[PDB]
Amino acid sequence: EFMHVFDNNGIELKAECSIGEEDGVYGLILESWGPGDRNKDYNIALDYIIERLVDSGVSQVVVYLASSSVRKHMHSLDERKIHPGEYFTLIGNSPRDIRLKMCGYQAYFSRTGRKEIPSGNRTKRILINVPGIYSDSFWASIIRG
């Protein structure tokens, strides 16, 4: 029912994902980590996704908060975009440091809206879009390794 991200040696990570169109945006959904060991490889999987996107010649993405709570309470897609600008930049740092910046933006969301001060979980259900990519085969090669 769910696809998974695979590591560099072809081993399945504990990181459920899906490829398709959600709220009019085509890309990769990374499922949330929790409770306990549910999708506990979230951060490792996201580091791999960022590394492979960069290796594939992708420099910028758009990332939306896609939790059931935020989809319900925040109707505006532009408000669900986690980063302030049009795009999030993947180049100019290690995949881990890019990932830390990306996931820091998740801390600005509550169940019902934005916070002024960031706090809490940074391993939420997210939708990652590559502008001009509408094909599952591109995303299949990112999560496969």
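Numbers for residues come from their place in the sequence shown, where the first is 1.
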Query raised in the report: Looking at the entry, does 34 to 42 or 113 to 121 show the higher mean C-alpha B-factor?
Result: 113 to 121
Query - Mean C-alpha temperature factor, higher of 90 to 98 and 62 to 70 - result: 90 to 98
**Report entry** Within-chain third of residue 133 by Cα B-factor, per the entry
**Finding:** highest
Requested in this report: Among all modelled residues of this chain, ranked by Cα B factor, put residue 11 in the bottom, middle or top third, i.e. lowest, middle or highest.
Outcome: highest
Query - Chain thirds of CA B-factor: placement of residue 108 - result: highest
